[PDB]
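Comments concern the structure below.
In the text below, chain A, chain B and the rest are named by the order of the sequence lines, each starting its count at 1.
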Amino acid sequence: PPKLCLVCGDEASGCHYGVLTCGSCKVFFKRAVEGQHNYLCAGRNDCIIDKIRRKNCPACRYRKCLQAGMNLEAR
Amino acid sequence: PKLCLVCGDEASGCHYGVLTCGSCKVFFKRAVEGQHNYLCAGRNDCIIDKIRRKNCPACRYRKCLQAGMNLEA
DNA sequence: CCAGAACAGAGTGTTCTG
DNA sequence: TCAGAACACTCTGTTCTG
Ligand SMILES: [Zn+2]
Ligand SMILES: [Zn+2]
Ligand SMILES: [Zn+2]
Ligand SMILES: [Zn+2]
């Protein structure tokens, strides 16, 4: 019943862009799709995305958003 | 061109004992005097280049040290 | 309840000084 | 020579508004 962000594992704010997510991931995603998302992974594109590390790799974070199914169409 | 021994960017000069770029110069100071324990989201193997240096402070900091940067020398 | 705007704070990198 | 201050800009995340 306390429920978890499907992207970083932080506690979720609600349903955003179709996926159970935290507020930071909600706005991160909005920002990534509206703008240029060309991000480079410094790793192997498997970076661990959690509450402390999610700022490290926008590229892996954004890929996790897409895998979870986030999209603007909402509704 | 002589290149930064940390991120490979074009080096401005010799800083904190090592030949490095200026962003690396000020990153290192900031790291050393500020706390911190940085944590890698990878394998402690991150690629550090001009673009990628921003991604992993842990691996950046490590590479600074293994290059011999220190506040004294 | 949710999208988006606003607000405020952290982090990077430059330019400038002596 | 290079260290440091200060500036300017980008990024993240929380609170506010509709
Ligand atoms: Zn999240
Ligand atoms: Zn990554
Ligand atoms: Zn460098
Ligand atoms: Zn790393």
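Taken together through direct or relayed side-chain contacts under 4.5 Å among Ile, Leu, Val, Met, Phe, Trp and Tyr, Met70(A) and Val27(A) form parts of separate hydrophobic clusters. With hydrophobic clusters built from ILVMFWY side chains whose heavy atoms lie under 4.5 angstrom apart, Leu3(B) does not share a cluster with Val18(B).
Going from atom NE2 of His15(B) over to atom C1' of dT15(C) covers 13 Å, rounded to whole Å. Spacing between atom CZ of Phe28(A) and atom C1' of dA10(C) amounts to 16 Å, rounded to whole angstrom units. Put simply, CD on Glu11(A) is 11 Å from P on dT14(D), counting in whole angstrom units. Per the geometry, CZ belonging to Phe28(B) stands 14 Å off P belonging to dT12(C), to the nearest Å. Taking atom NZ of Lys3(A) as the reference point, atom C1' of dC1(C) lies 16 Å away to the nearest angstrom. Atom CG of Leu20(A) is separated from atom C1' of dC2(C) by 13 Å (rounded to the nearest Å).
Closest approach of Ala58(B) and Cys40(B) over heavy atoms only: CB-N, 3.7 Å. Contact between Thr21(A) and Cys25(A) at its shortest, heavy atoms only, is CB-CB, 4.4 Å.
For the pair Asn70(B) (side chain) and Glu72(B) (backbone), a donor-acceptor distance under 3.5 Å is absent.
With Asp9(B) as the partner, the salt bridge (charged side-chain N to carboxylate O under 4.0 Å, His left out) test is satisfied by one option alone out of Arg52(B), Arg60(B), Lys50(B): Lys50(B).
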Bracket notation of DNA chain D in which parentheses pair within the strand, [ ] cross earlier pairs, and | pairs with another strand (Watson-Crick or G-U, under 3.5 Å): .|||||||||||||||||
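Here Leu39(B) sits in one hydrophobic cluster together with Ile52(A); the rule is ILVMFWY side chains under 4.5 Å apart, joined directly or through other members.
Of the inter-residue distances, the one linking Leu6(A) atom CG with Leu20(A) atom CG reads 5.5 Å to the nearest 0.5 angstrom.
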Identify all pairs in which a protein N or O lies below 3.5 Å from an N or O of nucleotides 4-7 of chain D, and state each distance.
residue, atom, partner, partner atom, Å
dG4(D), OP2, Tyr16(B), OH, 2.6
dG4(D), OP2, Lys29(B), NZ, 2.7
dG4(D), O5', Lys29(B), NZ, 3.1
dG4(D), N7, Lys25(B), NZ, 3.0

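Taking the side chain as every heavy atom from C-beta outward, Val7(A) and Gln67(A) never approach each other to under 4.5 Å.
Positionally, the nearest nucleotide of DNA chain D for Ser12(B) lies more toward the 5' end than for the other of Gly23(A) and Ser12(B).
At the heavy-atom level, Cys22(A) lies nowhere under 4.0 Å from the strands shown.
Listed by first then second residue, pairs satisfying ring-ring contact (aromatic ring centres under 6.0 Å, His included) with a partner in residues 48-75 of chain A read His37(A)-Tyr62(A), not counting sequence neighbours.
Contact check of residues 49-74 of chain A against DNA chain C (heavy atom, cut-off under 4.0 Å) returns no residues at all.
Residues passing the side-chain hydrogen bond (donor to acceptor under 3.5 Å, both in side chains) test with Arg43(B), sequence neighbours excluded: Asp46(A).
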